[PDB]
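In structure tokens, one chain follows: the form deposited in one PDB entry.
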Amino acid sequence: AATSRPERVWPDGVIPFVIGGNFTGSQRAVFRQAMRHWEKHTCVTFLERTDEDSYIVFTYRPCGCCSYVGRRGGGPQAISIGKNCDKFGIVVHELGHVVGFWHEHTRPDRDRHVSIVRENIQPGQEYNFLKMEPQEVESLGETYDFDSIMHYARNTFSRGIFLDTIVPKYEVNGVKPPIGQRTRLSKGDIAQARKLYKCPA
């Protein structure tokens, strides 16, 4: 689920960054590797911020709200990295938001691909499962990507770990497709990022 709005797309795919204070050297290196991981497979580029007006700030802060999708413009935008959301794959997910990706399970067509088990959602967190409105999103021809780094796990915001909130609707290669990986960018994440930033083939 890529943003459909041209203004949230970072010009030339160049995203300047600041790493804020209070992080360990170790944590700082993981941020660098996460940005690099985006660069290895796409034409998106992360540059140390010199005098750019719009840029991202890795901010030492409790995990949660909110990661702006794409380029907000007219100033810095913060990425909240705390104790429990500082691992490489989580950072790659957050940088997914930064480059212009919503959560995959909120695609306007998601109901053809997953069931949402409402009764299992933590009360007050159901808004996290609302479909994006169709004007806000573009698929760019990409199929629903169960493997996306932007896809929720089976039990995200569940009342308990053994209760599913998201259940894929069909089998892929004889098997119910696994969801919620935070290891690397999927084939789909790369293909969709390349399309959104018009990366040379």
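Note that residue numbering begins at 1 and tracks the sequence as displayed. Take the two forms, superpose them, and find the largest set of C-alpha atoms that agree within 1.5 Å; that set is the rigid core.
Beyond the structure shown, there is the form deposited in another entry, which is absent from this document and is the topic of what follows.
Chemist: Superposing on the rigid core, I want to see if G82 changes position between this form and the one not shown - specifically a Cα shift of 2 Å or more.
Modeler: No: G82 shifts by under 2 Å between this form and the one not shown.
Chemist: For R112, state whether the C-alpha moves by 2 Å or more between this form and the one not shown after rigid core superposition.
Modeler: Stays below the 2 Å threshold, so no.
Chemist: Given a core-based superposition, decide whether the C-alpha of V99 shifts by 2 Å or more between this form and the one not shown.
Modeler: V99: C-alpha displaced by less than 2 Å between this form and the one not shown.
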